[PDB]
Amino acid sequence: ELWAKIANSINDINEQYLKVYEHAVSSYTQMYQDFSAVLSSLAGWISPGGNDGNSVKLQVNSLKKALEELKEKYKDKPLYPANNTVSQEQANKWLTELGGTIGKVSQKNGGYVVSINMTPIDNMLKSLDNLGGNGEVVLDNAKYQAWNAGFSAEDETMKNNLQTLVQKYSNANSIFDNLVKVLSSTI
């Protein structure tokens, strides 16, 4: 009777709050899986240097291509919203809720979306440019170890992002179920 009002109000919170979180986790996870595939390929792009014997040979070209394709695939795959677009202020509120580490407000058609923040990949591509080129590059130990400390930084940033996004979605689940109770208690 007047619980149909509660049913509707709960459903709408699910639609405007929880479903947004579910979709942001799903989009980011898909990007991270693809990034993990790039990481899984890296060991095969690395081999021992030569004249002898403290150096590493890196197929910087194969790595650049893999990172570039990752970026292109996730250009028009927002964290929010799943369909169509929203208003610039609407995107900024969700940016805040999700975090500026995870997302980036970006323009699309007549509106705005919160895209995946690809800055860690952007950072990787820059270093690779500094090398200087084009896959088969030979780096001495200190140089490789320096390039790597930066690249690992990026790979552990994206890992932390995913983990925190999931924790923060785990929270929104608890917050919703809580509300769901507080509104059933009206009966």
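Note that residue numbering begins at 1 and tracks the sequence as displayed. If you superpose the two forms and keep the largest set of C-alpha atoms that fall within 1.5 Å, you have the rigid core.
Where the structures in 5 other deposited structures of this protein are fitted on the rigid core, 105-113 is the one of 105-113 and 67-75 whose C-alphas sit farther from the shown form on average. Rigid core superposition in 5 other deposited structures of this protein puts the Cα atoms of one stretch, out of 170-178 and 18-26, farther from the shown form on average, and that stretch is 170-178.
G44, modelled here, also has coordinates in every other compared entry of this protein that models residues flanking it, well short of the third needed to call it frequently missing. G150 is built in all of the other entries compared, counting only those with both neighbours built, so it is not a gap in a third. Of the two segments, 25-33 and 141-149, the one listed with the higher mean B-factor is 141-149 (C-alpha atoms only). For the pair 117-125 and 45-53, the mean B factor over Cα atoms is greater in 45-53. Ranked against the other modelled residues of its chain, the C-alpha B-factor of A82 as given in the entry falls in the lowest third. Ranked within its chain, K73 lands in the lowest third, by CA B factor from the PDB record. Residue-level temperature factors show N160 in the middle third of its chain, judged at the C-alpha atom.
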